[PDB]
Amino acid sequence: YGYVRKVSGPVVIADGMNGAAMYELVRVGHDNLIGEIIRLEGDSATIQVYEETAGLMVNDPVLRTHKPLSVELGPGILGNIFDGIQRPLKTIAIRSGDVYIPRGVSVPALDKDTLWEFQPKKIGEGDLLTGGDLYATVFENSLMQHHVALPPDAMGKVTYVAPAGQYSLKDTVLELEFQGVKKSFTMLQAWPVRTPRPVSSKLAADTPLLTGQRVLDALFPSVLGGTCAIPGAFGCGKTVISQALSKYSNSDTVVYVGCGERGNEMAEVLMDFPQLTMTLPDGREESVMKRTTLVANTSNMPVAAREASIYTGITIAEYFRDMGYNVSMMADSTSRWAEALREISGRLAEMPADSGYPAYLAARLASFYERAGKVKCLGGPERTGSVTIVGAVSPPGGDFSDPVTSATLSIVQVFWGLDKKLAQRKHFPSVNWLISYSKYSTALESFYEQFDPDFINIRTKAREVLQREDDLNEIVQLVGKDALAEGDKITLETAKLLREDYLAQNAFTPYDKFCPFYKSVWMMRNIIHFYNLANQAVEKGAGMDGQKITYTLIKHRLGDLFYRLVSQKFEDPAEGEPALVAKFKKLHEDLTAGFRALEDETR
Amino acid sequence: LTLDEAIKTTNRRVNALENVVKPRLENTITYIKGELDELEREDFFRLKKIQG
Amino acid sequence: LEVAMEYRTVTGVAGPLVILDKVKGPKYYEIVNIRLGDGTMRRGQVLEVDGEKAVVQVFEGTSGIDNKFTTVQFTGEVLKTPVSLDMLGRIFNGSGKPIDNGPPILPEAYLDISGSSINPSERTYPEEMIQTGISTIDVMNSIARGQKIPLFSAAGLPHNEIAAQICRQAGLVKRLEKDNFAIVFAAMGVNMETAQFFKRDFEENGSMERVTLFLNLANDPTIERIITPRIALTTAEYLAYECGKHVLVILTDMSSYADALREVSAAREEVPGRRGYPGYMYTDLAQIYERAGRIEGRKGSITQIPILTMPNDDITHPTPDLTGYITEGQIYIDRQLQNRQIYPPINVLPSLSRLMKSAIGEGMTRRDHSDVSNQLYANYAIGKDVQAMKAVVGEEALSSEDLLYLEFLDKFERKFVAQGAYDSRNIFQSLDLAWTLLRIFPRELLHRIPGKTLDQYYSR
């Protein structure tokens, strides 16, 4: 139809387009490279090529497709690895024996010949169905059922529904008639990558994430369907938090879309997650590959593919939320994505903005993030599902003045700001508790109240202790601990105990691999109770000394309780809640025995 | 003795440390605004000239 | 009486812009509706025009537009927002379309936004106080009907909670002195979750006959975020000077508004200004603010409390440093106070009102307002200094007055500033609390308090 005129980098200007709408995917050259339109100037239209452009001719034919960037949905989408343009990577590696990814490969996103079992949900002939109604369920794999729903833009009366049995995506499982005309439906569902899926109404989240790590789940919580941002740090961050959110989280499934990251790290993730025998069910050890999905696009991948990867990832989140699961999507991208925007904007000769990033960066980041949030689904039955966006930010080497960082913090609700100083000190969870925040602390009031009606007060006391210690650290840096009084000394002792016991976690051992909420809240209550009792004791002033003398008395003649407090982190979760709860209650009773026995003889 | 030590520390902080830091802050401000901001406008101005 | 021509001469699409070919006699800031090939409708604004050319910035993006099937039907207008007295008590979208499941506004007038400026001869000094219910505001940093007082905040700080509290508890102090109070509430570029918070607060407030929630989400198109504060200011101006009603306006996250202006300016190929923000951003913010003030010929007034986010938790940022000159105050939200778990974290000692003296007086408010304000300020400073000293002197050598100031500081932080999210406090009982804290010191110790006031109130 149309022919190439100009080829500069990944930007191709093809004349003769005429009626070629924006973002209408076109296919370029004899090799048939995918490609999306980015600008128009008349009979010619700019194209992004999503692939290497070396070898393009002049007057090399370009074919239009009239379809915007679309990802193919349906069964088998779970547990696969897709390129940014949604090509099945394993399918390419097997179908073609070559270990490389050939230029311009045309493989269907989902296999069209695998036999899938069909279980209709009691839909009768002549019945009325509507957009997103859940007419059949397919067990894509054990422990993860896949409901099949009509597309949001579909309705009609059920003239024919296929019976239960083995079906393939090429078959018509359902028929509808509407407005005097009939339409057919298969198990596939193509959807534009942008234009988020429709929602009956959004909702305000109440359930917390309750992730494995103690700091995240206790100090700076996140809600299901929430929105987070970590500064994409390594060793910590992109590895430990990713593992916690994948294999040790209450989200019903995972969608890892980390693009623009190192190839070795991607290979390590893609080789470690295959085993990954997380106990997601109550008593089953099913591998999480039956639960997750990768949209990996390495750094060497074409620059124009980053946005496609991000949007396909968030679109896949939407399909699952629509079925009902509480998906949680983690994006190691959005640090390379800003670079992708800079590259395309500069090549498209757009006028730059503050710090050289395109002026519309905030708009794009908003249009991405605001697709989170738990949502009341379409169709029948009534249902609910959520999508969580735990994205990535520039590593802690640049201040928050970074335009990507400022744009994220202008939208993101929970900031797990990792600090590089903690990473130097080898504190592995590495969350800086002074700069992090969680605006969800108010909505979680009901859950905290019902779980433990006194957790809010102990959390506030812990925050006050940490802030007081960080405040007088500067004073100590000038004068020293010589002038520190009893209250200051006990506050610093409790802060050090909290820092090394509570806020740390190894995550490479059963002690800290996954800390349940009850164990964390019990540690917090124990530490805060010790702090309060010690402060009351040093305020009593009995024995004519009290004060720091009583502090030394409780640190020497009562230090076994202190050692048990600092070793409480090692309570093995495998022992079960009825055992660990009893152990912590006994430790609390012993602590109450102290500061009363210590007050018996008036110090 | 304690007053002598404290006075020495205070005088050192007033004379050396603060007067060391403030020139550093001024130089850092000048390096960023005086050069990077000026270059950014010049780069964009040359680009606009190329377009014209 | 003229039906606007529907040109179909799209001859170039790029980003948010579309360039028409041969429009006959356009208008610079005209408003145009687009009917795409698929039949969907988009509304766009006209930017710089030229010979038969007119670059159109399109709302909701420009995806799907084609240069042979898209019609661009002009209107010949400059976005006259519909304005009426029944606009109150309803939530509106960014562009003004109601989203409160109600009918569109039946207008008593079509006022063009970006209204003409007030004649400086016709202005009048602001007077009387405006009760907000927060003790830290109405005692030490008093607010007067007619001020333009920013509320400087930062990312993560609970700016929106304070906004909701101001929206609910705002009232007129003159209750005991012896209902024409309306709160145009504008929110620009809020998060997706805080939208639910605002909807809940404005759907169960209990005084809905007063507020009008212009709401513009983050994922809404940017040009809507530019127009939203202008729509809000126009509606407030109408309800103030064209309806004789006292009006309060809260602009939320005008840093987002500045970013939106930056986004629009770049699309017009204009060179970016100082520090990235356009140079005309000073003019834009002056245009937004100066619409307030008290008019001699009218009984109404406009008082602004614009909430501004200061990036990087510093004031050197171009937007806060720029708005500092235009306005006459600064009510900072302090991160450390938020860490200290004091719900209103307003750093009272750094905060000040450049014209707080007008609110304090005899006719309005109470006689002892200035005295108690100054005494609280001075005593807080002294308490902070004494705490700093006790951090290094061991606290054994502190005199009795030092301990008095320490306990006063603790009480002021934990009993006065830490107001509840719903504990509405009249200025009289707020001053009673201030006197409760003050009376700890001996009557002779309160040096800053003038005579005939201690004898009146120190006896409790």
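In order, the protein sequences belong to chains C, M and B.
For the first sequence, counting from 1, position 341 maps to 361 in the deposited numbering; every step adds exactly one.
For the second sequence, counting from 1, position 25 maps to 181 in the deposited numbering; every step adds exactly one.
The deposited numbering puts the third sequence at residues 15 to 192, 203 to 484.
Even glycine gets a Cβ: it sits at the ideal position worked out from N, Cα and C.
(message) Beta carbons nearer than 9 Å to chain B: which residues of the segment 173-205 of chain M have them?
(response) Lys189, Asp193, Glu196, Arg197, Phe200, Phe201, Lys204
(message) If I measure Cβ to Cβ from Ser126 (chain C) and keep anything under 8 Å in the same chain, skipping five residues before and after, which residues do I get?
(response) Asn52
(message) Considering only the alpha carbon of each residue, which of C:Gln588, C:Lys539, C:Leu618 lies closest to residue 625 (chain C)?
(response) Only positions 21 to 623 of chain C appear in the structure, and residue 625 (chain C) is not among them; the question remains open.
(message) If contact is defined by three or more beta carbon pairs under 8 Å, each pair taking one atom from either stretch, is the segment 289-304 of chain C in contact with the segment 329-340 of chain C?
(response) no
(request) Note down, one range per segment and in chain order, each alpha helix (DSSP H) of at least 4 residues found wholly within the segment 379-466 of chain C. (result) 381-389, 423-429, 440-444
(message) By the three-class DSSP mapping on this structure, what secondary structure does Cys267 (chain B) have?
(response) coil
(message) If we define contact as Cβ-Cβ less than 8 Å, is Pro372 (chain C) a contact residue for chain M?
(response) yes
(request) Would you verify that the beta carbon of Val295 (chain B) is, or is not, closer than 8 Å to some beta carbon of chain M? (result) yes
(request) Would you grab the beta carbon distance between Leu461 (chain B) and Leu470 (chain B) for me? Rounded to a whole angstrom, and I think it's under 8 Å. (result) At roughly 11 Å, the Cβ-Cβ gap does not stay under 8 Å, so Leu461 (chain B) and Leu470 (chain B) are not in contact.
(request) Could you tell me the distance, in whole angstroms, from the CA atom of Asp392 (chain B) to the CA atom of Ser128 (chain B)? (result) 41 Å
(message) Please report the distance separating the alpha-carbon of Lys41 (chain B) from that of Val63 (chain B).
(response) 7 Å
(message) Counting C-beta neighbours from all protein chains within 10 Å, is the total for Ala225 (chain C) 16 or more, i.e. buried, or is it exposed?
(response) buried
(message) For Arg169 (chain M), count the other beta carbons within 10 Å of its own beta carbon; 16 or more makes it buried, fewer makes it exposed. Which is it?
(response) exposed
(message) To be precise: take each residue of the segment 38-61 of chain C, compare its Cβ to all Cβ atoms of chain B, and keep it if any distance is under 7 Å. Which residues remain?
(response) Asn38, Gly39, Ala40, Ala41, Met42, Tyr43, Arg59, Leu60, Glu61
(request) Check the Cβ-Cβ distances between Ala443 (chain C) and every residue of chain B, and say whether any is below 8 Å. (result) no
(request) In the DSSP assignment, find the unbroken alpha helix (DSSP H) run with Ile45 (chain B) in it and report its ends. (result) Here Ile45 (chain B) belongs to no alpha helix (DSSP H); instead the beta strand (DSSP E) covers 45-49.
(request) Please work out which residues of its chain come closer than 6 Å, Cβ to Cβ, to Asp358 (chain B), disregarding the five sequence neighbours upstream and downstream, and give them in chain order. (result) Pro369, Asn371
(message) For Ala264 (chain C), tell me which candidate among C:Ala602, C:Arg304, C:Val308 has the shortest Cα-Cα distance.
(response) C:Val308
(message) With three or more C-beta pairs closer than 8 Å as the rule, is the segment 74-91 of chain C touching the segment 114-124 of chain B?
(response) no
(request) Kindly indicate which residue of C:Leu553, C:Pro401, C:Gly144 has the alpha-carbon position closest to the one of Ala182 (chain C). (result) C:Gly144
(request) Just confirm the distance between the C-beta atoms of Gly62 (chain C) and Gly26 (chain B), as a whole number of angstroms; I'd bet it's less than 8 Å. (result) 6 Å
(request) Enumerate in chain order the residues of its own chain whose CB-to-CB distance from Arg137 (chain B) is below 6 Å, with the five nearest sequence positions on each side excluded. (result) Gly317
(request) Decide yes or no for the touch test of the segment 207-214 of chain B against the segment 272-287 of chain B: beta carbon pairs closer than 8 Å, at least 3 of them. (result) yes
(message) Going by beta-carbon coordinates alone, are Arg315 (chain B) and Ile326 (chain B) separated by less than 8 Å?
(response) yes
(message) Does the segment 342-350 of chain C come into contact with the segment 266-277 of chain C, if we say contact requires no fewer than three beta-carbon pairs (one atom in each stretch) closer than 8 Å?
(response) yes
(request) Count the other CB atoms, across all protein chains shown, that sit within 10 Å of the CB of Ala18 (chain B); report buried if there are 16 or more and exposed otherwise. (result) exposed
(request) Give the straight-line distance between the Cα atoms of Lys142 (chain C) and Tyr155 (chain C), rounded to the nearest whole angstrom. (result) 7 Å
(request) Examine the Cβ distances between the segment 367-379 of chain C and the segment 193-206 of chain C and report whether three or more of them are shorter than 8 Å. (result) no
(message) So if I threshold CB-CB distances at 9 Å, which residues from the segment 398-431 of chain B count as touching chain C?
(response) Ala412, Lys414, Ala415, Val416, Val417, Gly418, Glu419, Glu420
(request) Could you tell me whether the Cβ atoms of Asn133 (chain B) and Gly39 (chain C) are closer together than 8 Å? (result) no
(message) I believe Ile312 (chain B) touches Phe166 (chain B) by the beta-carbon criterion, under 8 Å. Please report the beta-carbon distance rounded to the nearest angstrom.
(response) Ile312 (chain B) to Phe166 (chain B), Cβ: 16 Å. No contact.
(request) Check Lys539 (chain C) in the structure and name its three-state DSSP category. (result) helix
(message) DSSP three-state label for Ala211 (chain B), please.
(response) strand
(message) If I follow the unbroken alpha helix (DSSP H) through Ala28 (chain B), where does it start and stop?
(response) Premise fails: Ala28 (chain B) lies in the beta strand (DSSP E), 24-28, not in any alpha helix (DSSP H).
(message) Using a Cβ-Cβ cutoff of less than 8 Å, which residues in the same chain neighbour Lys188 (chain B) once the five nearest sequence positions on both sides are dropped?
(response) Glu142, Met388
(request) Could you give the DSSP three-state label for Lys603 (chain C): helix, strand or coil? (result) helix
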